[PDB]
Amino acid sequence: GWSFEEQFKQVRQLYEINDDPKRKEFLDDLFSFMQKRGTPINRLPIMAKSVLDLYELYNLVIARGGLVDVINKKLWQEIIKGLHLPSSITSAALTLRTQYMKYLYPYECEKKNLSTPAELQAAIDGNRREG
DNA sequence: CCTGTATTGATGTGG
DNA sequence: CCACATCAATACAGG
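So the first sequence is numbered by full-length UniProt numbering: it starts at 274 and just counts up by one.
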């Protein structure tokens with residue numbers, strides 16, 4: 274179920290997306306950095322039957338100054354559309370928020386420290402239905 | 001032919 | 001009305 278080759282085709286799909294050297298350092302560093310976090314990506318989140326650009330998602334997330342700002346202000350529409358995702362996924366923002374929390378929360382919080390888990394968790398409760 | 005894991009999409013709530 | 005959240009079906013691989 275977890276084979277390095279299976280992941281190779283998955284990340285290879287991430288580098289083929291385009292010839293952006295800066296993007297390579299991200300994917301390369303992210304898989305490396307995640308090793309330190311202890312949360313390695315055995316499967317990249319997929320969107321529209323395609324791998325999610327962990328790099329473009331990041332730049333948009335940092336562009337708002339912290340994942341929490343996006344939740345409280347809901348700037349996911351800009352992220353969701355910024356990536357040109359198909360309206361076929363109604364849980365796009367949630368897919369982006371849920372997954373960003375697990376995989377990119379360290380790179381965004383550890384390298385930039387834009388916010389804290391309580392702010393993010395509190396923002397999550399603020400958007401999650403009370404019941 | 002079956003079973004397990006990961007990912008995508010429908011409908012409803014609140015201002 | 002839209003964006004978001006919860007729950008369920010499908011595709012691929014081993015035998």
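No residue lacks a Cβ here, since even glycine has one placed at the ideal position from N, Cα and C.
- Using a Cβ-Cβ distance cut-off of 8 angstroms, the region 384-397 and the region 352-360 are not in contact, since fewer than three pairs of beta carbons, one from each stretch, lie closer than that value.
- Judged by DSSP secondary structure, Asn400 falls within the alpha helix (DSSP H) whose first and last residues are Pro390 to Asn400.
- Per DSSP, the unbroken alpha helix (DSSP H) holding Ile352 starts and ends at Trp349 to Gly355.
- Annotation note: the UniProt domain "ARID" (293-385) contains the following uninterrupted alpha helix (DSSP H) runs of length 4 or greater, listed N- to C-terminal: 294-310, 327-336, 340-346, 349-355 and 365-372.
- Just measuring C-alpha positions, the residue of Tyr380, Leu367, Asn291 and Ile314 sitting nearest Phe281 is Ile314.
- Per DSSP, the unbroken alpha helix (DSSP H) holding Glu278 starts and ends at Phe277 to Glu289.
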